[PDB]
Amino acid sequence: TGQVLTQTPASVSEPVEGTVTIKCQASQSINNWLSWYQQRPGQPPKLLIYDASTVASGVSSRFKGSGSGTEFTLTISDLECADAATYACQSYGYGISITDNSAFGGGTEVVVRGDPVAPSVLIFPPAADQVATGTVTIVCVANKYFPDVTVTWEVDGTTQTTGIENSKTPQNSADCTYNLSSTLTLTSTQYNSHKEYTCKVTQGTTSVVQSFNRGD
Amino acid sequence: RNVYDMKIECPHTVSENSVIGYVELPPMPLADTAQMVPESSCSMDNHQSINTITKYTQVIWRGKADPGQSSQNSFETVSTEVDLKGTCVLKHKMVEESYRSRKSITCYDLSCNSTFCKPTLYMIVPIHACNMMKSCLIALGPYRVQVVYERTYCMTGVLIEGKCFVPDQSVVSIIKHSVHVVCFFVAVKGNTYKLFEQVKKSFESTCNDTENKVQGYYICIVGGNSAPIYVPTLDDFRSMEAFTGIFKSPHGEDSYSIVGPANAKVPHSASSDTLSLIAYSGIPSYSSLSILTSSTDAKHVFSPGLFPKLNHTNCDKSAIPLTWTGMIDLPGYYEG
Amino acid sequence: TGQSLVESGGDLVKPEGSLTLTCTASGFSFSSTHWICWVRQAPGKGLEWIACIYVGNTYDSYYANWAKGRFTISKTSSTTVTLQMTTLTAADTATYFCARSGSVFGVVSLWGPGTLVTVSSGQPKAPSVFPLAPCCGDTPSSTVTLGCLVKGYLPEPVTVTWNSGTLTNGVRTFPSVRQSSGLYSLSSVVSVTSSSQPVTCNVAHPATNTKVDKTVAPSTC
Ligand SMILES: *[C@@H]1O[C@H](CO)[C@@H](O[C@@H]2O[C@H](CO)[C@@H](O[C@@H]3O[C@H](CO[C@H]4O[C@H](CO[C@H]5O[C@H](CO)[C@@H](O)[C@H](O)[C@@H]5O)[C@@H](O)[C@H](O[C@H]5O[C@H](CO)[C@@H](O)[C@H](O)[C@@H]5O)[C@@H]4O)[C@@H](O)[C@H](O[C@H]4O[C@H](CO)[C@@H](O)[C@H](O)[C@@H]4O)[C@@H]3O)[C@H](O)[C@H]2NC(C)=O)[C@H](O)[C@H]1NC(C)=O
Ligand SMILES: *[C@@H]1O[C@H](CO)[C@@H](O)[C@H](O)[C@H]1NC(C)=O
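Per the PDB record, this model was obtained through X-ray crystallography at a reported resolution of 3.5000 Å.

Okay, structure coming up:
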């Protein structure tokens with residue numbers, strides 16, 4: 001029969017020194033056969049809890065796994081900045097139940113709330129080599145900030161809506177801070193018409209505006 | 001397709017006797033053996049107690065999950081409760097009641113490694129089906145077995161190398177002047193079923209405090225056709241020879257690579273380890289079904305990929321086979 | 001004391017095509033009580049089982065229900081296993097991890113970094129690195145930040161290092177972003193003092209075998 005694994009919540013936000021609760025429920029009952037994995041971006045997943053209660057060697061005691069039957073929970077106590085990662089549960093079966101109950105969790109996103117830091121906003125005008133190609137993009141970055149921000153692009157006072165891309169760095173394992181890069185892609189014909197290009201980064205009530213003028 | 005044969009031999013003359021046949025089937029996936037029951041179409045209805053649920057303990061072996069120690073190719077054992085139907089778990093006086101009720105006993109023994117199982121289907125029917133000889137079809141999972149009745153050229157004996165043989169040893173044998181046997185363990189509480197009180201007497205085994213150990217006897221059919229023989233019984237030295245062969249060669253008579261040894265908890269809730277086993281890798285071999293010795297109530301054991309400890313030198317962490325097939329030497333003479 | 005699994009292969013493959021992946025073990029004997037498996041994860045979806053092999057003296061393999069018949073897993077030597085993929089579609093674009101477990105579908109005692117298989121009808125493309133420098137109209141400061149901009153390229157994995165890895169402090173490399181045309185763009189910046197020598201960024205694209213070395217100086221505008 002088809003075994004389905006439900007993992008909740010999808011995203012959780014808890015401050016430093018706090019606690020995180022992740023719920024993993026199995027459609028079919030499993031006799032305490034569960035595993036918890038930590039997967040950092042661009043990193044091999046690490047096994048922390050196996051048999052739903054046993055801490056893997058080398059894993060800190062702050063990770064505790066509990067549960068049996070069809071419902072399990074994972075608790076992270078004394079939350080740290082390095083704990084900000086993606087977590088998932090694996091339901092494995094043995095003997096007769098091989099492949100009968102074998103599924104992976106949906107995955108949960110853990111963000112660690114730290115002391116807020118204002119974003120230092122930097123803007124880079126397009127290079128000389130870029131305009132010759134016919135497609136021009138402008139890079140604006142916000143460094144060492146928390147929490148998340150919203151980026152606004154304005155040309156000669158008019159807000160742009162099309163051709164904006166944002167890439168956000170994962171939280172730093174030391175101070176729980178973000179880094180964002182905003183790219184506004186246009187055409188060389190469009191770029192040679194307007195003069196005032198503005199990148200605005202808003203952190204709640206705080207807004208940091210960085211602008212530049214073409215030909216200066 | 002590719003149906004397999006279940007040979008059964010019938011004598012011309014009939015003398016409380018039943019006949020038995022067996023067949024070893026090719027390996028099948030272990031996951032497909034769940035809820036697998038024999039479905040018979042014979043004129044003799046299968047006993048309803050065989051298809052009932054018998055709770056087994058599943059003992060499996062796997063490489064250690066903990067990283068770092070897993071680099072040392074260490075393995076651990078997991079014990080769980082499972083429900084198995086159709087296995088050769090007979091009850092007290094079931095053979096005689098089936099004989100008097102014209103009902104067949106169709107069960108299977110499982111030989112399993114960690115992933116695949118070799119089932120051995122058994123059928124015990126009274127000789128009352130040896131005259132009609134109606135062909136039957138039995139379905140067990142993806143396999144089909146042919147119920148084939150063969151009429152031997154013997155009045156009451158068993159054919160051995162082209163000659164008939166009747167075991168009497170009685171005064172009748174005096175006036176007139178290796179046999180295959182299949183045994184099954186039946187668990188029944190009582191005071192006359194002290195199995196290991198006789199084991200300690202028969203063989204030099206240090207087994208003290210036998211009262212808390214398993215209670216039961218073994219029922220065996222010799223030579224395909226024979227009356228039911230209980231084991232052990234002190235006044236049948238044929239049954240005594242069967243007992244000796246069961247405990248001298250517990251694994252049976254007549255590849256696989258032996259991985260390290262392991263211990264496990266037979267109730268899956270015990271405080272400490274209670275059974276010794278040998279995990280292995282390769283083609284499935286021997287029997288994966290056994291009964292814990294150190295428990296009055298029968299604790300059935302299913303250990304795919306593991307070899308239960310049948311040596312019995314120390315009665316701690318010990319087990320006995322559920323089924324046993326082999327050859328024992330009994331006195332007698334051939335017809336002619 | 002490092003025991004790990006490394007996944008190779010995983011290039012850009014056209015739809016309905018085929019691609020074979022390979023997993024290698026480093027500093028770890030294979031033994032006979034292990035199971036090697038493949039796990040894939042599409043962007044925006046959870047982990048997915050693919051197949052496993054007993055990887056011992058005897059042969060035993062188990063495949064996923066969706067991947068049955070279409071995939072092929074087999075052991076090659078005492079340190080390597082493979083995974084043949086056939087008639088790949090757009091839904092097969094994912095990151096494929098190599099797994100080692102003590103049972104068929106059991107606890108994964110060790111994972112690998114993973115490899116990306118991009119299934120797209122487009123052709124491989126070069127990064128065409130552009131330099132990122134502040135406007136010269138800005139007043140010079142004690143410390144200045146510079147960077148390189150990697151525009152449209154295919155497939156997804158690119159490696160960017162500054163001064164051949166000699167300097168690491170102050171380096172902030174951003175994740176790639178997919179554009180409208182299905183092309184990826186990546187940006188990386190570095191902050192250095194004005195008195196430091198000019199810094200060089202080394203963008204390497206193993207798929208197209210392109211290694212662009214663009215060097216920037218604080219005086220750049
Ligand atoms: C738990 O126990 C189970 C027990 O079932 C175990 O699973 C079995 O394990 C055994 C032991 O390893 C396996 O047996 C091996 O199977 C290998 C694979 O068999 C397939 O491939 C064969 C080779 O194919 C090539 O060659 C032929 C002929 O040249 C060619 O036609 C093919 O196209 C291809 O080029 C193939 O022959 C074979 O086909 C058989 O079966 C089909 C029916 O399915 C039948 O129609 C055929 O006529 C033929 O009989 C099958 O398709 C096999 O390669 C291997 O043989 C090697 O070793 C021997 C001995 O050294 C050499 O002589 C030989 O040349 C090979 O080098 C061996 O036979 C078996 O396949 C497993 N599975 C099953 C279901 O039994 C688990 O692993 C155990 N688990 C544990 C321990 O954890
Ligand atoms: C059991 O162990 C004893 C150890 O002395 C050995 O002699 C014997 O052969 C073994 N096997 C059986 C079936 O007793």
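(A) Quick peek at the pattern of salt bridges. Going through the model one piece at a time under the given rule, you end up with twelve salt bridges over all chains. A salt bridge links A:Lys168 to A:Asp148; the shortest N-O distance between them is 2.8 Å. Residue A:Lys168 is located in strand β15 (residues 164-168), and its partner A:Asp148 is located in the loop between β12 (135-145) and β13 (150-155); the two are separated by 20 residues in the primary sequence. Relative accessible area serves as the criterion here: at 38%, A:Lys168 is assigned to the partly exposed category. Residue class for A:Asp148 comes out partly exposed when judged on its relative accessible area of 40%. In this structure, B:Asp316 and B:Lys317 form a salt bridge, with 2.6 Å as the shortest nitrogen-oxygen distance. The exposure class assigned to B:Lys317 is partly exposed, which follows from its relative accessible area of 24%. Members of the salt-bridge network, linked through shared partners, are C:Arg40, C:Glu48, C:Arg70 and C:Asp92.

(B) The environment of C:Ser8, seen in detail. All names here are of chain C. Tracing the chain through its elements places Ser 8 in strand β1 (residues 4-8). As for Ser 8 and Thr 115, which are separated by 107 residues in sequence, their C-alpha atoms are 6.6 Å apart. When near neighbours in sequence (up to four residues on either side) are disregarded, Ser 8 contacts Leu 21, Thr 22 and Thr 115.

(C) Fine view of helix α4 (residues 195-202) of chain B. Residues and elements named next belong to chain B. Taken together, the buried positions of α4 are occupied by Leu 195, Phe 196, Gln 198 and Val 199. In an axial view of α4, the angular spread of the buried residues amounts to 150°, which keeps them on one side of the axis. Of the surrounding secondary structure, the elements contacted by the buried residues of α4 are β12 (179-187), β13 (216-222), α5 (237-248) and β21 (319-321).

(D) Broad picture of the environment of B:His92. Residues and elements named next belong to chain B. Among the secondary structure elements, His 92 is positioned in the loop between β6 (75-85) and α1 (94-100). Relative accessible area serves as the criterion here: at 32%, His 92 is assigned to the partly exposed category. A distance of 2.7 Å separates the side chain of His 92 from the side chain of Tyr 217, its partner in a polar contact.

(E) The arrangement of the interface of chain C and chain A in detail. Opposite the 36 residues of chain C that make contact, chain A presents 38 residues. Among the residues of chain C in contact with chain A, C:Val107, C:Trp111 and C:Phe174 are the three that bury the most area, contributing 18% of the side total. Applying the counting rule to chain C against chain A returns seven residue pairs in polar contact. Counting only elements with at least two residues in the side of chain C that touches chain A, the list comes to β4 (35-41), β5 (48-53), β10 (108-110), β12 (130-132), β13 (143-153), β16 (177-178) and β17 (184-193) of chain C.

(F) Just the sheet that holds β12(B), in detail. Residues and elements named next belong to chain B. Here four strands make up an open sheet; going across it, the order is β15-β13-β12-β22 and the pairing antiparallel. Two strands close off the open sheet at either side, each with one partner strand: β15 (229-231) and β22 (323-328). Here the strands of the sheet are splayed against their neighbours by 30° on average, with no regard to which way each runs. As defined by bridge partners, β12 adjoins β22 across six bridges and the pair is classed as antiparallel. Of the residues in β22, the one forming a bridge with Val 179 is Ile 328. Running over the sheet, α5 touches β12, β13, β15 and β22 and is turned about 50° from β15.

Criteria and thresholds
Residues numbered from 1 in each chain as written, not as in the entry; some residues may be left out. Chains lettered and ligands numbered in written order. Heavy atoms only, no water. Salt bridge = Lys/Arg side-chain N within 4 Å of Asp/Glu carboxyl O. Helix = DSSP H or I, 4+ residues; strand = E, 2+ residues; numbered from the N terminus. Buried < 20%, exposed > 50% of the residue type's maximum accessible area, 1.4 Å probe, protein only. Contact = heavy atoms within 4.5 Å. Arc of directions from axis to C-beta. Polar contact = N/O pair within 3.5 Å; in protein donor to acceptor, adjacent residues only side chain to side chain. Buried area = accessible area lost by both parts, 1.4 Å probe. Pairing = 2+ DSSP bridges. Axes fitted to C-alpha atoms, helices over the stretch in contact; angles between N-to-C directions.

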